[PDB]
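K.L.:
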Amino acid sequence: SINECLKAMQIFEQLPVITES
Amino acid sequence: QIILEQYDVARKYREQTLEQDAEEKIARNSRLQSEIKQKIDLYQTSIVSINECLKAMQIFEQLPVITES
Amino acid sequence: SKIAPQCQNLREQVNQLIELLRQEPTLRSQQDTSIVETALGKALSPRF
Amino acid sequence: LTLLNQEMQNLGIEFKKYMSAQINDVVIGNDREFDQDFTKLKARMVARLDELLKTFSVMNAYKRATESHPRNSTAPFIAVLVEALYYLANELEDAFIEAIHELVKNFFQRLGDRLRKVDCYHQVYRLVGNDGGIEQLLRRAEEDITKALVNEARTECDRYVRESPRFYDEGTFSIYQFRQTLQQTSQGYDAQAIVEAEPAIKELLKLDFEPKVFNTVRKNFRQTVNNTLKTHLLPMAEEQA
Amino acid sequence: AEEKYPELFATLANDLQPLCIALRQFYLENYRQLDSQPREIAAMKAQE
Amino acid sequence: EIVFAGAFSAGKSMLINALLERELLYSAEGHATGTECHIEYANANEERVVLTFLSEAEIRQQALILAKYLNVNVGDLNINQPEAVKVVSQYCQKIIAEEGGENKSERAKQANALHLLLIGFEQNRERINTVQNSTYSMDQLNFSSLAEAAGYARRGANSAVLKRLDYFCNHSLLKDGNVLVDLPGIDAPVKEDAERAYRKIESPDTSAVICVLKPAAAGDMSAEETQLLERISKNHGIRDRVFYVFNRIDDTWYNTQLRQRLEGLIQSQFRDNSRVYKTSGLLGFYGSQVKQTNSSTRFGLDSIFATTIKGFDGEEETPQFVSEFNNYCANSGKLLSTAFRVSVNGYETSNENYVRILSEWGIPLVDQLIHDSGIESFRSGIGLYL
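Residue numbers (full-length UniProt numbering), protein chains in the order written: chain A, 773 to 793; chain B, 725 to 793; chain C, 2 to 49; chain D, 484 to 724; chain E, 436 to 483; chain F, 50 to 435.
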């Protein structure tokens, strides 16, 4: 949600987590 | 050396947002580019009238703008 | 004497350019329109 | 694919090593071809100086002086010295520029000819379909380097016009000898009796101009060429990598 | 009425050129500067 | 956070009033000493203000400094005694007569400044606390409206004893969360105040910096201004957030030599012209207020300038705005390319021409005057940047 909120104006993305395996 | 070997991974990682940045940036350039185009038209009309006014008596012409290309 | 239709609006035409020069923030350093102001005043309503 | 990326890095590292070695060898003078041209350049310049002053004639200097003043048809009887310095220096400068062009041109073509045999040049051309801009960058750098050297020569030869303390050596020549030719001795405005003093002034010029030339070529000119080549090439090579 | 009167307009134009000359130069530099940048998304994306 | 800086009595109070189209502050010459004011957005029904005062030690130190400059024999002058205040008042009145007026000379103004400061202290003796700066609101001091507080504050007696003001009004400019800050002049006698200004300016919390430069009128940069510019130019951390501004440009509209020097200076030093602005806050502020008047009040003479127009001898004095307005329409040449054909009659008084000119053309002339003022462009530029 934080990334989506900033997606509208700024491009500074955060670090997600996926496929820990 | 290792960090540079994963160049492809970063490209895939940020491919989700490069489209938006490029789309917005080109719009910014286009908006500003059209702004001056509007401004020069006003300048061109004004000086043309000035030259026509002086055309009746004096020959001292001004500098117009055309075919900027 | 030579009040031609072209000369009728010359008063406003010059003002148009002055505003454009003032609008440009960077070009205001070169601003020296005061000389043009005095010359235009003597052009209209001539005084000899 | 990842293995290929590693190989691309090595090509840049190898290219810089080869370019540095080639430039470094010239600095040490190990490159025999470059040395032959440089000594040839020095010999020509010294020979030009000796030949130019030995064939010097006072009348030609006087002829140049008159052209410099289109509104007059005579000379003050002293401008020959001034024109000699300008004529001597300007002619010397022209020789420097002409030879420098040849020196730079020969070096670059020899560098390019030998650069197409090493593996680094054709390993990349094997890997990709284009040269990678080596020729374009090499041509651009060569042109830029030539400009600097020409300025170096002109900015250094111009100082020769300034009279050296030896120029005012009364023993070798006294400027008041014109009184002998002028104190009721040259009744015609022909500037002919001045020719008798030609041998003396030639010695004065040799003493003044024999230095400031051997010092220049033998001491400073070599340093400028070596430093200029190294500083312009190395950053270009890094950019290419 | 025939010599001094027209001169007033003549000097006015001479005093207007110094500023009209600058406005044209400024606009062209900025306008031609933007044209250098690409327009297509594909070319722009590759640049990034 | 928006910060306005400049030398003492540089029109900073006048300039701030121009932007908001109101006289919330006072631009009296020689009186805005150390007055810091903050303005924030508030709902129409939530508008309010807060006030602050000085301490006795500072007042005595200022009185000592004022007496030190004025060389008055203040032997531990106890300003609490009406007798001593009257004696100093007679001395100040005596000095006014000798100098011919409070505003005639700088030394006269300082005598007047202490005259008003001591009187200002005498009129607000009850509200002063010995050490802590007394704090009150509109209700606590019984003030009913901001206009009452503004009128109360505008008075020289109250203004000289007010350390700080926190205004809360409803304005479109402040709606987005913009804060206006006024700082004491760096060239003030107190070195502590100057250090505070540099700390505030150098503080990263500040969002923008505004520099008011007198050389537009003086033609040369003063030592304090030179020190200020050297700090700004040599400071790479704030050089990207600077907006240079020149005030009182109207002085150069009729002076060729001053204009020529200023133009050369601008083209020589300030190459970053993208953030260089020219304006005259004095003309802009009054012009905005005049728009609220009409012919019924003689276009503000009966309502706005009724106090200034009143002369000591009974003859209607020409307000500085009116005097400049007549000069503006005559020699400035701004109207020289406008559709207007205003003419000045030498047989009519300044007020008579002022009434006649407005009665002929009216508001449209005022709009051109405000347009030529340049305040509108300045507000738009900073708003876009922020």
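Ideal Cβ placement from N, Cα and C applies to all residues, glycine included.
Kindly list the residues whose CB is nearer than 7 Å to the CB of residue 614 of chain D, restricted to its own chain and excluding five residues on each side of it in sequence; keep chain order.
P.N.:
Closer than 7 Å at Cβ, skipping near neighbours: 608.
K.L.:
Can you name the start and end residues of the beta strand (DSSP E) that residue 4 of chain C belongs to?
P.N.:
Taken as a continuous stretch (DSSP letters only), residue 4 of chain C belongs to no beta strand (DSSP E), as it is neither H nor E.
K.L.:
At the level of alpha carbons, what is the spacing between residue 156 of chain F and residue 122 of chain F?
P.N.:
Answer to the nearest angstrom: the Cα atoms are 16 Å apart.
K.L.:
Against chain B, which members of the stretch 7 to 36 of chain C pass a CB distance test of less than 8 Å?
P.N.:
Answer set for the stretch 7 to 36 of chain C: 7, 8, 10, 11, 14, 15, 17, 18 and 21.
K.L.:
Pairs of beta-carbons, one from the stretch 728 to 742 of chain B and one from the stretch 752 to 768 of chain B, closer than 8 Å: are there three or more?
P.N.:
No contact exists between the stretch 728 to 742 of chain B and the stretch 752 to 768 of chain B.
K.L.:
Under a CB-based cut-off of 8 Å, is residue 792 of chain A close to chain B?
P.N.:
No, its Cβ sits nowhere closer than 8 Å to a Cβ of chain B.
K.L.:
Got a sec: is the Cβ-Cβ distance from residue 729 of chain B to anything in chain D below 8 Å?
P.N.:
At least one chain D Cβ lies under 8 Å of residue 729 of chain B.
K.L.:
Within 10 Å of its beta-carbon, does residue 3 of chain F have 16 or more other beta-carbons around it, so buried, or fewer, so exposed?
P.N.:
With chain F covering 50 to 435 only, the question about residue 3 of chain F has no answer from this structure.
K.L.:
Provide the residue span of the alpha helix (DSSP H) that contains residue 743 of chain B, from first to last.
P.N.:
From DSSP, the alpha helix (DSSP H) with residue 743 of chain B extends over 731 to 779.
K.L.:
Cβ closer than 7 Å: which chain A residues qualify as neighbours of residue 745 of chain B?
P.N.:
In chain order: 783.
K.L.:
In terms of residue numbering, what span does the alpha helix (DSSP H) encompassing residue 498 of chain D cover?
P.N.:
Note, residue 498 of chain D: alpha helix (DSSP H), 485 to 511.
K.L.:
By the DSSP assignment, the alpha helix (DSSP H) with residue 422 of chain F in it spans what residues?
P.N.:
Residues 412 to 422.
K.L.:
Chain I partners of residue 767 of chain B, CB-CB under 9 Å?
P.N.:
The chain labelled as chain I is not found among the protein chains of the depicted structure, namely A, B, C, D, E and F.
K.L.:
What is the DSSP secondary structure of residue 353 of chain F, reduced to helix, strand or coil?
P.N.:
If DSSP states are grouped into helix, strand and coil, residue 353 of chain F belongs with coil.
K.L.:
Buried or exposed for residue 647 of chain D, going by 16 or more other Cβ atoms inside 10 Å?
P.N.:
By the neighbour-count rule (16 or more Cβ atoms within 10 Å), residue 647 of chain D is not buried but exposed.
K.L.:
Which residues bound the alpha helix (DSSP H) around residue 102 of chain F?
P.N.:
Counting along the chain, residue 102 of chain F falls outside any alpha helix (DSSP H), though it belongs to the beta strand (DSSP E) covering 97 to 102.
K.L.:
Would you mind reading off the limits of the alpha helix (DSSP H) that contains residue 164 of chain F?
P.N.:
Note, residue 164 of chain F: alpha helix (DSSP H), 155 to 172.
K.L.:
Roughly how many angstroms lie between the CA atoms of residue 464 of chain E and residue 41 of chain C, to the nearest whole one?
P.N.:
Taking the straight line from one Cα to the other gives about 30 Å.
K.L.:
Only counting runs of 4 or more residues, tell me where the alpha helix (DSSP H) segments fall wholly within the stretch 657 to 685 of chain D, in order along the chain.
P.N.:
The qualifying runs are 660 to 665.
K.L.:
Considering only C-alpha positions, which residue in the set D/661, D/694, D/491 and D/691 is nearest to residue 562 of chain D?
P.N.:
Of the listed residues, the one whose Cα sits closest to residue 562 of chain D is D/661.
K.L.:
Report the rounded CA-to-CA distance for residue 586 of chain D versus residue 679 of chain D, giving the unit in angstroms.
P.N.:
Going from the Cα of residue 586 of chain D to the Cα of residue 679 of chain D covers about 42 Å.
K.L.:
My guess is that residue 639 of chain D and residue 699 of chain D are in contact by the Cβ rule of under 8 Å, so how many angstroms apart are they, rounded?
P.N.:
About 6 Å separates the two Cβ atoms, so the contact holds.
K.L.:
Give the residues of chain C in contact with residue 770 of chain B, contact being defined as C-beta atoms less than 7 Å apart.
P.N.:
Ordered by position in chain C, the residues that pass the 7 Å Cβ test against residue 770 of chain B are 14, 17 and 18.
K.L.:
Could you confirm whether any beta carbon from chain E is found closer than 8 Å to the beta carbon of residue 762 of chain B?
P.N.:
Closer than 8 Å: no.
K.L.:
Against chain C, does residue 759 of chain B count as a neighbour if the rule is that its beta carbon must be under 8 Å from one of theirs?
P.N.:
Not one chain C Cβ lies under 8 Å of residue 759 of chain B.
K.L.:
Could you name the residues of the same chain whose beta carbon sits closer than 7 Å to that of residue 786 of chain B, not counting the 5 residues immediately before and after it, in chain order?
P.N.:
Hits under 7 Å: 771, 774 and 775.
K.L.:
Got a sec? Which residues, its chain only, sit under 7 Å from residue 415 of chain F by beta carbon, not counting five neighbours each side?
P.N.:
Taken in chain order, the residues that qualify are 336, 339 and 340.
K.L.:
By Cβ distance, which residues of its chain are closer than 6 Å to residue 19 of chain C, with the 5 residues on each side in sequence left out?
P.N.:
The answer, listed in chain order, is 34.
K.L.:
With a 10 Å radius around its C-beta and 16 neighbouring C-beta atoms as the bar for buried, classify residue 482 of chain E as buried or exposed.
P.N.:
Residue 482 of chain E should be labelled exposed.
K.L.:
Can you list, in chain order, the residues of its chain with a C-beta nearer than 8 Å to that of residue 104 of chain F? Leave out the 5 residues immediately preceding and following it.
P.N.:
Taken in chain order, the residues that qualify are 177, 178, 179, 180, 181 and 182.
K.L.:
When the Cα atoms are used, what is the spatial distance from residue 703 of chain D to residue 495 of chain D?
P.N.:
When rounded, the distance between both Cα atoms is 34 Å.
K.L.:
Assuming contact is defined by CB atoms lying nearer than 8 Å, are residue 170 of chain F and residue 97 of chain F in contact in what I supplied?
P.N.:
No, the pair does not count as a contact, with Cβ atoms beyond the cut-off.
K.L.:
If you reduce the DSSP assignment to three classes, tell me which class residue 255 of chain F lands in.
P.N.:
Correct three-state label for residue 255 of chain F: coil.
K.L.:
For a contact defined as C-beta to C-beta under 7 Å, what are the partners of residue 439 of chain E on chain C?
P.N.:
In chain order: 49.
K.L.:
Could you tell me the alpha carbon to alpha carbon distance between residue 87 of chain F and residue 472 of chain E, rounded to whole angstroms?
P.N.:
Near 45 Å, if we compare the C-alpha coordinates of residue 472 of chain E and residue 87 of chain F.
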